[PDB]
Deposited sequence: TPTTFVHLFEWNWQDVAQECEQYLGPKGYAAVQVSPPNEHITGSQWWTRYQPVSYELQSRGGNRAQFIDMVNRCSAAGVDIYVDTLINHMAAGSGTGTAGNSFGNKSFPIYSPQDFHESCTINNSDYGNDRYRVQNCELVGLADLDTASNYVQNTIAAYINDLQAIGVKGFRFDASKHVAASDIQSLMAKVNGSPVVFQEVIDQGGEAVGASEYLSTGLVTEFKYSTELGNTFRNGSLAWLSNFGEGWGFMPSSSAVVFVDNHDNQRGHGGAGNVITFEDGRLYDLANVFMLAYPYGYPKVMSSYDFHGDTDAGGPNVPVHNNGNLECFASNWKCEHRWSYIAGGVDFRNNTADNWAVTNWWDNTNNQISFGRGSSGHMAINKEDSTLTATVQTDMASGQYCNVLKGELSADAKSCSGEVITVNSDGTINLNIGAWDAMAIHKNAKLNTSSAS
């Protein structure tokens, strides 16, 4: 059962298309969140995708024909496409867009000055006390659309609807906190059917606009998950996570989109708790916890090495560079392909018939282990000494592949990596080295 999606950050359409066929599909990833496909300002920086010029499908990722080719190929492979949608604003200043269109002083090919809120700057103190300014003023000089306008709503709804006709199945509503939920509610009335919709609301608490306001219009991103997972793996105790979710003050599980990191917070760096690809084995573990724990709708992040430059765009070379995969090195990192992360995804897919956390065990510090009923069990050792405890599981006796390190063979007599034994009483005598882990499930059992 598909349970996890991935953000192929700055991946062009031909690369996403190929990735769907030879990797995402076969592996069971449910969907791919793509970078904004609409016309945007020119420049090589990543953030240019967040400054729209028009709704024409001509971007850094490719043109309309290439976008449609990608949605056709991914769908045939069983993978949905979620489009990153800009509902709050258009580009700042004046310039040229990727399709040739010029704009300037709140004048675009599809909007005129009257379609925007009157200019004002959002200052850092407004987030805390002034909701009106967080929603009606300009986020870093970006022309704030008058999202209450029937015309603005029909123009955005028409873009969303053209995309669904092409075959797109979900949408990420960028910067939702800056759009009144009532406006998002009218817009949704104009959207045909019921596509997956997740809204980006950054709410760490004490904000004048809360994420709970967006629960009725779709899924919401729970940034507290990302923020708290990092503080816990970096400075806290994993034992604390026994009841991660609602008890930590997070929104309902069925309404949340969770991640260890996203394209924005992985850039900030230095003092900040977020765990990213730069943390190596720490990143594996955080991901294994996320993918094993039954909370939220998780998205795996796929980044590129930005080399300290937080404005830089992606590598010059494509991912699939003529039968030569450009992953894991100094260009694309390809985390969705990392042994522990992919294995975590395989775990989540095979334990979807039991969303409970059973037989939770910890050492009060950084060694944990828990099960998903009789569907699977896992353990993490984030300490410098071998984990040898005996834990209780609800699993059938026999030998299983630790899916974080290998898989079951065609004949089903062996695994390509470490094997874990479940005793007749249902226990496991753990033998997990320092900073390592295991995950086993019912469909990766020997002979």
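Absent C-alpha positions map to the deposited sequence ranges 269, 449 to 453, in order along the chain.
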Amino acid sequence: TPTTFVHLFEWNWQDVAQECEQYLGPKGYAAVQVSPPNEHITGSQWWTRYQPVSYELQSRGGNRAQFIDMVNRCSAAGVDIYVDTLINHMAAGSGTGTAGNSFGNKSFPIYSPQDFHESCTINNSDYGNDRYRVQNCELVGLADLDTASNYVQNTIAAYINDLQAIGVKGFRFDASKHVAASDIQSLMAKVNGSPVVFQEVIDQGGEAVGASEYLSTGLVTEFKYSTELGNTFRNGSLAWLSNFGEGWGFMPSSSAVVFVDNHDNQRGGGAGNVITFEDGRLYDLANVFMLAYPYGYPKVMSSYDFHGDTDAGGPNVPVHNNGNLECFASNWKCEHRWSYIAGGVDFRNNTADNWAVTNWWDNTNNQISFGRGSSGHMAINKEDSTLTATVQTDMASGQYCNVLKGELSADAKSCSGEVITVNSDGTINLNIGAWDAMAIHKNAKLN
From here on, numbers count along this sequence of modelled residues.
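Note that the rigid core is defined as the largest set of C-alphas that superpose within 1.5 Å between two forms.
Looking at 204 to 212 and 269 to 277, the one farther from the shown form in 4 other deposited structures of this protein by average CA distance, after a rigid core fit, turns out to be 269 to 277. Remark: stretch with higher mean C-alpha B factor among 108 to 116 and 188 to 196 is 188 to 196. Comparing the deposited coordinates for 63 to 71 and 404 to 412, the stretch with the larger average C-alpha B-factor is 404 to 412. Across the options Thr155, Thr232, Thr276, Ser212, the residue with the most elevated CA B-factor in the record is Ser212. In this entry, the residue among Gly100, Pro252, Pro298, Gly170 with the greatest C-alpha B factor is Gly100.
Residue-level temperature factors show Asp261 in the lowest third of its chain, judged at the C-alpha atom. In this PDB entry, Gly268 carries a Cα temperature factor that places it within the highest third of its chain's modelled residues. Per the deposited record, the Cα B-factor of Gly218 falls in the middle third when ranked against the other modelled residues of its chain. Remark: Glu10 belongs to the middle third of its chain, ranked by C-alpha B-factor as recorded. Per the deposited record, the Cα B-factor of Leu387 falls in the lowest third when ranked against the other modelled residues of its chain.
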